[PDB]
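Read-outs throughout are calculated quantities, based only on the coordinates presented, and are distinct from any laboratory measurement. In this analysis, Cβ positions are derived from the backbone assuming ideal geometry, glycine residues included, and neighbour counts consider all displayed protein chains.
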Amino acid sequence: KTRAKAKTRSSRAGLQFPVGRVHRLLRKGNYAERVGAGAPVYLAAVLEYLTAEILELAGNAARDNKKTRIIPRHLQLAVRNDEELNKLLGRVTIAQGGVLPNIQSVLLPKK
Amino acid sequence: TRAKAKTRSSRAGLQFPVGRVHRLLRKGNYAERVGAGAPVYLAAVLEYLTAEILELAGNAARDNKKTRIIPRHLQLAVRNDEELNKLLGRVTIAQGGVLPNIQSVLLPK
Amino acid sequence: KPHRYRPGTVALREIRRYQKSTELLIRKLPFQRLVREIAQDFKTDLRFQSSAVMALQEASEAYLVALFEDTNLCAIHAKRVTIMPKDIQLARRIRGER
Amino acid sequence: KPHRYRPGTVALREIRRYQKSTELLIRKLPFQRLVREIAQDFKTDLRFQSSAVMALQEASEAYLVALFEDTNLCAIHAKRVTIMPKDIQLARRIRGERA
Amino acid sequence: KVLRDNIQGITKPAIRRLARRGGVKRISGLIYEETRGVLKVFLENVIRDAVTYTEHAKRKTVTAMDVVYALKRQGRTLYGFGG
Amino acid sequence: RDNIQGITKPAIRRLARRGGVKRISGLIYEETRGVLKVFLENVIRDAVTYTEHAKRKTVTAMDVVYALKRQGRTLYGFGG
Amino acid sequence: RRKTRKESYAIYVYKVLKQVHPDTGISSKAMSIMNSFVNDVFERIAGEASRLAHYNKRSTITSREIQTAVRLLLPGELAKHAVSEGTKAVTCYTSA
Amino acid sequence: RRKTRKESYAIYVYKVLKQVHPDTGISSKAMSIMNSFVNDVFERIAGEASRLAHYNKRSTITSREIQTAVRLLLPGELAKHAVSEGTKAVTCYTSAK
Amino acid sequence: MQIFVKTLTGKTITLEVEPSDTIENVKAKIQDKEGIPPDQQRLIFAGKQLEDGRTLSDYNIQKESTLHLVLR
DNA sequence: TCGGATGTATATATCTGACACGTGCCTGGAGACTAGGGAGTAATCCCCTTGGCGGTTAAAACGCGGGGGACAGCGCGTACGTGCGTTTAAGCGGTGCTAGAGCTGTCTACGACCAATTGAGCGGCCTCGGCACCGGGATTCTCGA
DNA sequence: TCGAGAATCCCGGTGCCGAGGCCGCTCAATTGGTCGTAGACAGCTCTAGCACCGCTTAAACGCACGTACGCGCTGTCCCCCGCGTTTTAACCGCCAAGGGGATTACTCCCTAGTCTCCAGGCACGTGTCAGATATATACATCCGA
C-alpha cells in the first residue's frame, strides 16, 4: 500500500498547458452535465498551437526592428499581416496597436 | 383529503405556461438553481411582445380587406415600426418581400 | 407608326410590379442542379430534403436583393443612373467582406 | 524670399509621421470631463476608475480612425480628393449603423 | 452522376428581375458575371457549414435544420422553417 | 456645460491624418462631434446599467469591457 | 403506430390573437414564424441572464437578473413597458 | 495582510515563448493581451461544443464535439493543423498510462 | 568532456564526448551504451535541435551539460 | 396646349382545399413534506478617489496671401432599352422502387463522488541590464532658375 | 535640366526602473476505490427521395433600330493650406481628507428532491366557406400633333 509518485496529466500528453485546470474550468463552466476524459487534452493542444503561432510571428517582427522585447505594436503587426489570423480576429481591437503603413496611390504627387 | 389544482398561470393572470417555462429554464443548462420568480417575468414579457406584434399585423391585414394573416402582413408590420425593426434588424422572414420605395432621382422629369 | 414607349417607362413599371409581389424569381430546377454540383465537392453520394433547397433559395434571394440595393445607392452617390461593377466592389468592401 | 512648400507636402509628411507611431491623439482632461458630463444624466453622484476612462478613450479613437478610412475610400470613389459630410453619411448608411 | 456547368443556369433575365425588385433602373453589361461569382461564394460557404453539421450526426441526408443552423451561425438567421 | 467643444479642430485633423485623409472640408467637425457623442452615450449607458445591477457606486474597468463586448466590439489588454 | 409528441406555442398565440382581434384568423406559415420568434427571444433573454449571474459570482437566477437582461436587450419604450408588465405580474402572483 | 489569489496563463505563455525563441523577452501589456486572447478562444470553442452537444440531445462532451467545433470555427489551414495536433496529443495520452 | 543525456523515462546517462564530436557521434555512443537507435534520438540542448552534421562545440555543448532526449 | 391607344383597377359567379373544431387519453404538472446549504446582514480595515495650488511651457487660437481644386457648361458617339419572330426546356401528372431515417431491447464500460496527501503555483523582494534621452554630424529630400 | 535650404537618420554616451529570478507556504490536483446509468450495437418497419416518361406552352434567345447618357475638355471663382505672432490651460509635482470597496462571521429560509394523483394539450378525423380564377367592363396614363 505505497502510493506511486504523482505525475501531472500534462506530462503524459507531452503538452505545456495545464490539463487539470482546463478540466476544472469545463466542469464548473455550466456547459454540459458531464465531461469526458479526452476533451481537456484536445483543448490544451489547440490553445498551445495557436499561442505558439502568434508568438513566433510576433518574435520575428520584433527581431526585425532590432529589439529584444515584445510590445503590443509587434503583436499588431504580426496579426494584421497574416490573412488567416486577420480573418480570425476580425472584430477585435488591440490597445496601443496602431495601423498599417499604407497610402492610397492617387494621392501621391504627380511627377 | 386534497384541494383542487389551479395552474400557476391562472394565479398570475397570464395566458402563457409558467410551468413549461420553468421546466425549460431548469433543463436548459443556464444556472445551478432557478428561483421562483423568473418564469413569471419571462412569460409576461413574451406575452407582451407577442400581443404587440399580433395587433400590428392584424391592423395591416385589415387595411387590405382580408380576414386571415399571411407572412406579408407580418413583414409590413415589422418593417414599418421603428423599435420593432431595430429589434429584428438581422432577421429575414420567408415569403416577406420588401417595402415599396423608389429613389427620387430616377423619377421622370 | 407603331407605338413605342420612351426608354425608362417600362423599367419603372417592372420596378413597381416586382416590388408589389412576393413570389420567387429564380427558377427551381437550375438552382437545385447548382446546389447539388456545389455540394458534390465536399462529400460524394449525398441526398437533400426539398425544404433545405427552398431555404437556401430564400436566403440567397434576400442576400442578392440587399446587395443590389446597396449597389444602387453607391451608383447614385457618384452622379450616375447606371450601375457598374465598381459599385458592387465598393459596397462589398465597405460592408466588411473579403 | 521666405522658403515655402507647395500645398500638400506637409499633409503627406504628417500622414507618415502620425501613422508610424502609436500614441493617443486627444487631450486627456477634456475627454475625461466630457465622459463625466455624458454619464451625469443617467445617474447622479458617480465615480470612475482611471482605467475605465483609458479604455473608453482607446475604443473611441479606434472607431473614429476606422470611420475616417471608410470615408476616404467613399470620397475617392466619386473622383475627388476632399472629404465631405455626405461621404460620412453614405459610409454610415452602408455600414448599417444609421437607420 | 457528375454534373458540370450549372452556374450558367442563372439566366440574365433572372438577374434583371432581382435588380428590378432591388430598385435599379439601368444595368450595365458586365454585372452578370460579378453577380454569379458573388452568389457562388455565398453558396459555397453555407453549403460547407451545413455539410459539416450533417456529418457530425453520422447521417447521409441534409435536412432543413442543418441549413437553418448554418445560416444562424453567420448572423443571418431565417424564420419560418422550424426551430 | 458645453464640454463637447473640448474636442478641438487640430485633434480631429490629427485623427483624420492618421486615417489617411489629405484634404478636409470645413464642415467635418460637427459631424464628427455628433458621431462621437452618440457612440459615447450608448457605451456609457450600457456600462452604467451593469454597474447599477452590480449594486455599487463607482464604475469599474471590467463593466466597460463587458459593454463593449456586448456590441461586438471586443477589446484586448484591459483585464478582460 | 402514432407519432411522438411535438411541443409548440400555437395554442397560446391563438389565444392572444383572439384576445386582441376577436374576428381575425391566422394561417400556418404565420404561426411557424411566430413560434420561431418566441423561441429566439426566449433564448436571447435566458443566455443574457445566465451570463449576468455568472459575472457576479452567483449560483442562481432570480427576477432581478431577468429584469436587468430585459433592460439591456430591448430598446427604450419596449423595455419600459415590458418591465412594468413583468413587475405587475410578479406582484399579482405573490399576492395570491 | 490578506491577498486573494488570481489565476493566469502567464507561466505557460512564457514557457511556449522560450521554447520557440530562445532569447526574447516580453512586457506586461503583451502578457495581458495574450491572456485575454487565450480566454476568448477558450470561451468560443467551449460554447460551440456545448450547443453542438445540445442539438443532438446528448448529455456528454467528448473529443468529437471539440473536433467538430474546431473545424467549424477556425478557417482551413489553421483547422487542419489544429486537428492534427489534437489527434496526436490525444493518441499520445491514451497510449501511455 | 562528460555530458549528461536525460531520456524520457527520467534516466540520465553519461557520455565521454568532446566539443569537436559531432551529434552523430553522440547518437552512436548513446546507441552503444543504451541500445537506442540514432534515428530515434531527438535531442535538445540550450533550446536548439541537434543535427548530426553539427558538432557539440557548435551548440556550445560543454562538459557536464544537460541534454534532453525523446525516443518518440 | 388636345386626343388616341394601352395597361390597370373594379365588379360578379364559382369551386376547392385549408382552417377551425369535437374526442380520447396519457404523460407531465400540481399538492404536501423534509433537509440543507446559499444568500442576506452587521462590523471592520484601509486603499484608492477626489480636491486644491504653483509654475512652465507647449499647444491652441487668430490673421493673411494665394494657388490649386470643385463645379458648371458643351459636344460626341456608343452601349443599352424596346419590340418581334423563333427555339427550348421548365412545369405538371402519373408510376416504381428501395435506401435509410426512425423506434425498441440490452448490456457493459465510463464518469461522478469520496478520503488522504503532497508538490505546483502564487505573493513578496531585489538586482541589474535594456531602453529612453540628449548632443552631434551625414544624409536625403523639395523648390526656384 | 541643375543647386541651396530644411527635415530625417545614425552614432555615441549616460542614467533609470521594471523584468527575470529566488523563497516560503497553502490549497488544489492525484491516487485508489465503489456504484449507477448513457449510450453503443443489433433488429425491424415504413416513408420519402430518386428515376423515368409523356405533353403543353410560357419563357429564353437572337436581331434590328434609335437615342440619351457617360465621358473628355475648358474656364472661373473661392476656399483651404502654409506660415507667423499672441494667448491660455494641460501637465507635473506635492499635500490632505474621507467614502466606499473588500473580508469575515452568523443565521433564517428558499429551493431541490420524492411520492401520489388527475386533467390539459396533442394526434386524429371531418365539414364548409375565404379566397383564388375566370370573365367582362370602366378608368388612369403616356406620347405625338
In whole Hz, the Karplus estimates of ³J(HN,Hα) for segment A:80-96 (6.51, -1.76, 1.60; θ = phi - 60°; x where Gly or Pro) are 6, 8, 10, 5, 5, 5, 4, 5, 5, 9, x, 10, 10, 9, 9, 5, 6
10 Å Cβ neighbours from other chains, averaged over peptide D:68-80: 6
Nearest-0.05 FRET efficiency for residue H:81 and residue H:8, computed from C-beta distance (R0 30 Å): 0.70
Karplus ³J(HN,Hα) for segment F:58-71 (6.51 cos²θ - 1.76 cosθ + 1.60, θ = phi - 60°; Hz, whole; x = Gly/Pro) runs 10, 6, 9, 7, 6, 6, 5, 4, 4, 4, 5, 5, 4, 7
Ranked by Cβ crowding within 10 angstrom, fewest neighbours first, how are D:9, I:7, G:4 ordered? G:4, D:9, I:7
Please give the calculated 222 nm ellipticity per residue for the protein assembly as shown, where each DSSP H segment of at least 4 residues contributes -39500 (n - 2.57) and the sum is spread over every residue; nearest 500 deg cm²/dmol? -18500 deg cm²/dmol
Taking placed amide H atoms and a strict 5 Å upper bound, the residues 5 or more places from residue I:57 or on another chain that come that close are I:20, I:21
Given a Förster radius of 56 Å and the C-beta distance between residue B:82 and residue A:2 as r, what FRET efficiency does 1/(1 + (r/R0)^6) yield to the nearest 0.05? 0.15
Interchain or long-range residues, amide H under 5 Å from residue A:70's placed H: H:25, H:26, H:27
In what order do C:77, B:73 fall by count of nearby beta-carbon atoms within 10 Å, going from fewest to most? C:77, B:73
Testing the spin-label approximation: label points 7 Å from Cα along Cα→Cβ at residue F:2 and residue A:69. State their distance in nm. 4.5 nm
Crossing angle, helix C:50-77 versus chain C [Cα axis fit, 0-90 degrees, rounded to tens]: 30 degrees
Could you derive backbone 3J(HN,Hα) for segment A:98-106 from the dihedral phi with the Karplus parameters 6.51, -1.76 and 1.60 (θ = phi - 60°), listing whole Hz in sequence and x where the residue is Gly or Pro? x, 10, 6, x, 10, 9, 4, 5, 5
Only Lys, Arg, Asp and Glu count, each charged at its Cβ (+1, +1, -1, -1), so figure out the dipole size of the protein assembly as shown about its Cα centre, rounded to 20 debye. 1800 debye
What net charge is computed for the residues neighbouring residue F:14, neighbours being all others with C-beta under 12 Å from the C-beta of residue F:14, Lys and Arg scored +1, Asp and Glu -1? +3
Of the options A:47, A:101, A:75, report the single residue whose Cα projects farthest towards the positive end of the charge dipole of chain A (beta-carbon charges: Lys, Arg +1; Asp, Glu -1). A:47
Between residue C:20 and residue A:33, what is the spin-label point distance in nm, taking each point 7 Å from the Cα along the Cα→C-beta axis? 5.8 nm
By how many degrees, 0 to 90 and rounded to 10, does the Cα axis of helix H:76-95 deviate from the longest principal axis of chain H? 90 degrees
What's the angle, to the nearest 10 degrees (0 to 90), between helix G:10-20's Cα axis and the longest principal axis of chain G? 90 degrees
Average beta-carbon neighbours from other chains, 10 Å sphere, peptide H:36-49: 6
Would you list A:10, G:84 from fewest to most Cβ contacts within 10 Å? G:84, A:10
Tell me which residues come under 5 Å, amide H to amide H, from residue F:23 once H is placed; ignore anything under 5 positions away on its chain. D:83
Note down the Stokes-Einstein diffusion coefficient of segment B:7-92 in µm²/s, whole number, using a Kirkwood radius over alpha carbon pairs, 10 °C, and 1.306 mPa s. 105 µm²/s
What is the mean number of Cβ atoms from other protein chains located within 10 Å of the Cβ atom of each residue in peptide G:80-93, rounded to a whole number? 6
Quick check: pseudo-label points 7 Å beyond the Cα along Cα→Cβ at residue I:20 and residue B:62, how many nm apart are they? 10.5 nm
